[PDB]
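Working notes, beginning with the structure itself.
If you read the sequence from its start, that first residue is 1, and numbering goes on from there. Atoms within each ligand, like the ligands themselves, are counted from 1 in listed order.
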Amino acid sequence: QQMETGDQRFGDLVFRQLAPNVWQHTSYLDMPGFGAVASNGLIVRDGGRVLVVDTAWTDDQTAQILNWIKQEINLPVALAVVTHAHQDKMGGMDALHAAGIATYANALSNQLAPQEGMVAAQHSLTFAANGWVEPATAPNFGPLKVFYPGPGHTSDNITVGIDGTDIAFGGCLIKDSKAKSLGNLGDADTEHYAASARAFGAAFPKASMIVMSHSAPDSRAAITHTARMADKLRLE
Ligand SMILES: C[C@H](S)C(=O)NCC(=O)O
Ligand SMILES: [Zn+2]
Ligand SMILES: [Zn+2]
């Protein structure tokens, strides 16, 4: 079902295409106590296979994503990468595993997952001192370039860039350019957030479209605005 802003709504989910081979999947959870909070992930068509970034809030919603891919793209999903251990990102792991999809996550995310009430991914990504993922730990990721910017939204948020496009996924590290706060600061590293935000921008300097978890895709203005807000917080 197409809407005003060019977003196709598919059941309780919403899908928007960002590039010839990149879609953004959006799911909603009526959050206690807040309201209906949106969460964004990515779907990437890489040849004869599909790559998924982040699940939905629930197993059923993630299964709905899988149905959409089967219906709209019709290609086997090779792998999934989840960006950190919160429900909006890892709430539908069982749906992926029941579908036989190999799942990947930061080793710290997999370690933190039980405490965060999550199901861990099946494989662990580790990272070099400069932030880039060990290539041996992220095999055949195609156009996906995974980067750990340091502690920000959580101690474990990783970010993904997509080769061939100008799209980088900041996840819940980056907020939009009109955000007046940084949101859920429960697991946040207020001391290193700003550094992490700028590190992300430096990792993908040629990315002009920044996709984030809870807002529509923004420009690089979101990165500098986030880091600026993170500075204000750190300076008390
Ligand atoms: C404000 C934060 S980033 C949110 O929307 N959800 C946090 C969570 O999924 O646990
Ligand atoms: Zn989170
Ligand atoms: Zn979140």
Side-chain angles (χ1 to χ4, degrees), residues 12-14 16 24-42 52-62 64-65 80-96 103-121 125 127 146-160 168-194 196-197 199-200 210-218 222-223 225-230 232-234:
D12 13 329
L13 270 43
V14 170
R16 179 182 191 89
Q24 179 193 239
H25 69 75
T26 309
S27 64
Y28 298 81
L29 176 66
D30 201 322
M31 196 162 180
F34 181 109
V37 181
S39 181
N40 296 321
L42 288 181
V52 176
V53 184
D54 288 344
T55 75
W57 297 93
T58 69
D59 284 322
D60 284 24
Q61 290 174 331
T62 307
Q64 283 182 72
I65 300 181
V81 47
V82 292
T83 51
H84 70 278
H86 281 162
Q87 192 191 357
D88 56 337
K89 314 275 98 175
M90 299 189 65
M93 300 297 304
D94 283 334
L96 297 181
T103 61
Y104 293 81
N106 182 10
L108 181 53
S109 298
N110 289 333
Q111 187 175 5
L112 285 174
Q115 304 170 46
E116 294 296 323
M118 298 297 120
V119 171
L125 305 174
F127 300 85
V146 192
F147 178 77
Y148 175 73
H153 179 68
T154 60
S155 289
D156 66 310
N157 51 196
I158 62 178
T159 63
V160 187
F169 186 69
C172 293
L173 178 65
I174 308 301
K175 311 304 176 181
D176 63 273
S177 50
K178 308 291 277 186
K180 264 309 231 176
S181 74
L182 283 179
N184 185 27
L185 300 175
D187 297 322
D189 194 326
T190 84
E191 202 66 32
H192 296 115
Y193 202 125
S196 298
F200 165 69
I210 313 300
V211 184
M212 50 209 60
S213 293
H214 307 296
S215 297
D218 212 335
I223 307 181
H225 179 73
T226 302
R228 195 182 59 85
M229 279 192 302
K232 301 160 56 60
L233 182 67
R234 176 177 45 84

Report the atom name of the nearest N/O/S atom of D88 relative to the Zn ion (ligand 3).
OD2
Angle subtended at the Zn ion (ligand 2) by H86 ND1 and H153 NE2, rounded to 10 degrees:
110°
Nearest non-hydrogen protein atom to atom 2 (C) of ligand 1, with distance, is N184 CB, 3.6 Å
Identity and distance of the protein heavy atom lying nearest atom 6 (N) of ligand 1
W57 CH2, 3.9 Å
State which residues pass side chain to side chain contact (heavy atoms under 4.5 Å, CB included) with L13; sequence neighbours excluded, sorted by chain then number.
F15, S27, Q61, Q64, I65
Out of all atoms in ligand 1, which are within 4.0 Å of some heavy atom of [X]? Include the element for each.
X: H153; result: 3 (S)
X: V37; result: 5 (O)
X: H214; result: 2 (C), 3 (S), 4 (C), 5 (O)

Got a donor-acceptor contact below 3.5 angstrom from the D176 side chain to the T226 backbone?
no
Indicate yes or no for a side-chain donor-acceptor contact from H25 to the backbone of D54 under 3.5 Å, with no hydrogens or angles considered.
yes
In the structure I gave you, are the side-chain heavy atoms of [X] and [Y] within less than 4.5 Å of one another anywhere?
X: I158; Y: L125; result: yes
X: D187; Y: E116; result: yes
X: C172; Y: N157; result: no

For atom NE2 of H192, decide whether the heavy atoms of other residues, nucleotides or ligands shown that lie under 6.0 angstrom number more than 12.
no
Could you see which bit of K89 sits under 4.0 Å from ligand 1, with heavy atoms only: side chain, backbone, both or neither?
neither
Atom name in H84, limited to N/O/S, at shortest distance from the Zn ion (ligand 2)
NE2
I'd like to check whether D88 has a polar contact with ligand 1, where a contact means an N/O of the residue lying under 3.5 Å from an N/O of the ligand.
yes
